[PDB]
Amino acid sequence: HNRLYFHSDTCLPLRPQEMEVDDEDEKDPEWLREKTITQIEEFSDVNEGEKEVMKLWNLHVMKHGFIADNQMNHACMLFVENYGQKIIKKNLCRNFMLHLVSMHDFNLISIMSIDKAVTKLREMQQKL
């Protein structure tokens, strides 16, 4: 408002065209994403199959920042909508399924989703 300001990520001086967009609306900052999937790969103990589902989920959760249990049903429906093409093309359809049954053991989702999700996936595969 009467002072020279600086970008916090580069310390370069912030010019008049302004502090408009925040340099930290990074709900999921880039490096956290890579850091997460790098850590999954470092596991010698876990499939190549169940990893590629874990990575995708994590990236998905981090992008929307779900924080309630009451959001997990919508999260899984969102997951397949947005990620289903990948799950199919990379041949991860069963592992995904182990993910939904797990998510169910953790009491986060209902049985009605744990297949309403498997339904919309297949529904998508045929679309190819």
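Each residue number is its position in the shown sequence, starting from 1.
Participant: Read off the CA B-factors in the entry, average them over 67 to 75 and over 42 to 50, and name the higher stretch.
Facilitator: The stretch with the larger average C-alpha B-factor is 42 to 50.
Participant: Pick between 16 to 24 and 102 to 110: the one whose mean CA B-factor in the entry is higher.
Facilitator: Per the PDB record, 16 to 24.
Participant: Sorting the chain's CA B-factors, does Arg122 end up in the lowest, middle or highest third?
Facilitator: Within its chain, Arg122 is a highest-third residue by C-alpha B-factor, going by the deposited values.
Participant: Quick check for you: using the entry's CA B-factors within this chain, is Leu56 in the lowest, middle or highest third?
Facilitator: Lowest third of the chain for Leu56's C-alpha B-factor.
Participant: Considering only modelled residues of the same chain, in which third does the CA B-factor of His1 rank: lowest, middle or highest?
Facilitator: Highest third, going by the recorded CA B-factors of the chain.
Participant: Check where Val80 lands among this chain's C-alpha B-factors and tell me if it's the lowest, middle or highest third.
Facilitator: Its C-alpha B-factor belongs to the middle third of this chain's values.
Participant: With respect to C-alpha B-factor, does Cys93 fall in the lowest, middle or highest third of the chain as deposited?
Facilitator: CA B-factor rank for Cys93: highest third.
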